[PDB]
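The residues making up each chain are set out below.
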Amino acid sequence: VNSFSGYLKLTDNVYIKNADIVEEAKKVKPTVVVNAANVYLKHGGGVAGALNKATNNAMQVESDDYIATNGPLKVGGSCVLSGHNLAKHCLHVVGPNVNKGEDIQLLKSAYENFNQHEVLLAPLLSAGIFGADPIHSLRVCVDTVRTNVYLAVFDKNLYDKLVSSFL
Ligand SMILES: NS(=O)(=O)c1nc2ccccc2[nH]1
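Naming follows the PDB entry, where the protein chain appears as Non-structural protein 3 of Severe acute respiratory syndrome coronavirus 2. This entry carries the title "PanDDA analysis group deposition -- Crystal structure of SARS-CoV-2 NSP3 macrodomain in complex with ZINC000006490906".

If you want it as structure tokens, here you go:
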């Protein structure tokens, strides 16, 4: 038993809620929140911009030190950094950005990072401003992630479509 409230159960291990991931993290303070990162950990917009703004830019300061030391992530890759005021840890995951020509086949690799953590609060990877079909992203999530994932979907209209079309 955990702190997540009001999620709809999709599968044995996947749960979903219409919620702003920024607000959900501040309330729950989960062990792991997933960020929809890019390879530079430049948290300008989307989920990453919103999470970073909620940390008062501390997430960006930590991220720039990480890149200065380690270089960019891979598309499909991840790193674990502080969760600041939002979570114990932030798992920064790079889904493919369709708008940049990145291979959508890398979405499954991206979601495999989630399997290194027992429970996560997460957005749909490659959704929103990363340009992928969210219905596809939820299908890959369900077919790839075996640990317990609590999905926050910001858009109420998209949430309803995701639930109503879910096989
Ligand atoms: N209401 S917000 O914190 O400014 C915000 N922006 C967001 C973009 C993508 C996903 C969740 C978001 N939340």
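K.L.:
Before we go on, may I ask you to explain the environment of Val 80 in this structure?
P.N.:
With respect to the element layout, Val 80 can be found in strand β4 (residues 78-82). By relative accessible area, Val 80 is classed as partly exposed at 43%. Between the C-alpha atoms of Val 80 and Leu 167, which are 87 residues apart in sequence, the distance is 32 Å. Aside from chain neighbours lying at most four places away, what touches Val 80 is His 89, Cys 90, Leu 91 and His 117.

K.L.:
Sorry, what's going on with helix α5 (residues 134-144) here?
P.N.:
The α-helix advances 3.6 residues per turn, and as a result positions three or four apart in sequence lie on the same side. Residues of α5 that are buried: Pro 134, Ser 137, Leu 138, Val 140, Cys 141, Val 142 and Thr 144. Those residues of α5 that are buried lie in contact with β2 (14-18), α4 (106-112), β7 (148-153) and α6 (156-164). For α5, the capping residue at the N-terminal end is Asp 133, with a side-chain oxygen 2.9 Å from the backbone nitrogen of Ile 135.

K.L.:
Help me understand the pattern of salt bridges in this model?
P.N.:
Once the charged atoms of two side chains with opposite charge are near each other, the side chains can pair. Scanning the entire structure with this criterion turns up 4 salt bridges. Two residues, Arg 139 and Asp 143, come together in a salt bridge whose shortest N-O distance is 2.9 Å. Of the two residues, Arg 139 and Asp 143 are both situated in helix α5; the distance of 4 residues between them amounts to about one turn of the helix. For the salt bridge of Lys 156 with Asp 160, the shortest nitrogen-to-oxygen distance reads 2.8 Å. Placement of the pair is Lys 156 and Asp 160 together in helix α6, with a separation of 4 residues, close to one helical turn. Assessed through its relative accessible area of 45%, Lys 156 is described here as partly exposed.

Calculation notes
The residue numbers you see begin from 1 on each chain and track the sequence as written, which may not match the entry, and residues missing coordinates are not shown. Hydrogens are left out, water is left out, and the side-chain values use all remaining heavy atoms of the structure. Residues with missing side-chain atoms are left out of burial classes, side-chain pairs and their counts. Per the convention used, a helix needs a DSSP run of H or I reaching at least four residues, while a strand needs a run of E reaching at least two, with both numbered from the N terminus. Burial classes follow relative accessibility: with a 1.4 Å probe on protein chains only, a residue under 20% of its type's maximum area counts as buried, one over 50% as exposed, and anything between as partly exposed. We call two residues contacting when some pair of their heavy atoms lies within 4.5 Å. Polar contacts, as counted here, are pairs of nitrogen or oxygen atoms within 3.5 Å of one another; within protein the pair requires one atom able to donate a hydrogen and one able to accept it, and residues that are adjacent in sequence qualify only if both atoms are side-chain atoms. For this analysis, a salt bridge means a side-chain nitrogen from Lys or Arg found within 4 Å of a carboxyl oxygen belonging to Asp or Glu.

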